[PDB]
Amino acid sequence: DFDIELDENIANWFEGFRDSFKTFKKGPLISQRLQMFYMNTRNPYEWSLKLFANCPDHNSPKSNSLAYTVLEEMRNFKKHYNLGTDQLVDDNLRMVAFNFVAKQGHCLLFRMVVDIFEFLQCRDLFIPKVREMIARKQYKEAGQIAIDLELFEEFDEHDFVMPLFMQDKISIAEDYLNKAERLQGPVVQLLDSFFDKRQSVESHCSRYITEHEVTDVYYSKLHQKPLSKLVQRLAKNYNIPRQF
């Protein structure tokens, strides 16, 4: 998994001025120049990753950043000319693209690369990388990757659904829970076991945190009132039987 990102002299001076004329906003002119660049290109996908790496913007990409537009025009280039992945991208090249956009925490750029390189056709190749992130306690990242790769059948509530609830990051965990009905039962069943056990909910929480080694937990939320409000929503939002 090592891309040969080194540029050459025919291409490098061209790129240096491109960064200069990119400062002149982002619109149809900069888009058209990229479309012509990808046309001369041999294997645009591999070069699209090279252009993404050779710009100081790839550390924090946003809609205005040059790195985001480099991949954005690659997506338009693929759809306009009706391009496929055959004989151009390999599982090795997809892994290269995954490592480039998974660390940034930017979901839109990841969703774009999922579409460009067609990650949903071979999503099972990234499961070792997501479980490595779960083992590194990167719940929001691994959780969002699992949602954008549509891995709604690969993970249990303990992998990142419950830790994200511990970290008050209800948004990502509930998004994964909405598309995974199999977990909706045991999740609210587990949250109710904290209350309907007449042991302090803080003791029930601390026992789960120490069993699954949950880190960076937002303790101010783990109390009877805020944890009850979470069970009240998740039982109603998913029509769960009265197993209180």
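Throughout, we count residues from 1 along the sequence that is shown.
In this entry, 32-40 has the higher mean Cα B-factor, the comparison being between 209-217 and 32-40. Mean CA temperature factor is higher for 100-108 when stretches 100-108 and 150-158 are set side by side in the entry. By the numbers in the PDB entry, the CA B factor is greatest at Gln87 among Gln138, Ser171, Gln87, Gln167. Considering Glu202, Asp57, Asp175, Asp192 together, the PDB entry gives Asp57 the largest C-alpha B factor. In the deposited entry, the Cα temperature factor of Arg233 places it in the middle third of its chain's modelled residues.
Placement of the Cα temperature factor of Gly185 within the chain: lowest third of the modelled residues, per the deposited record.
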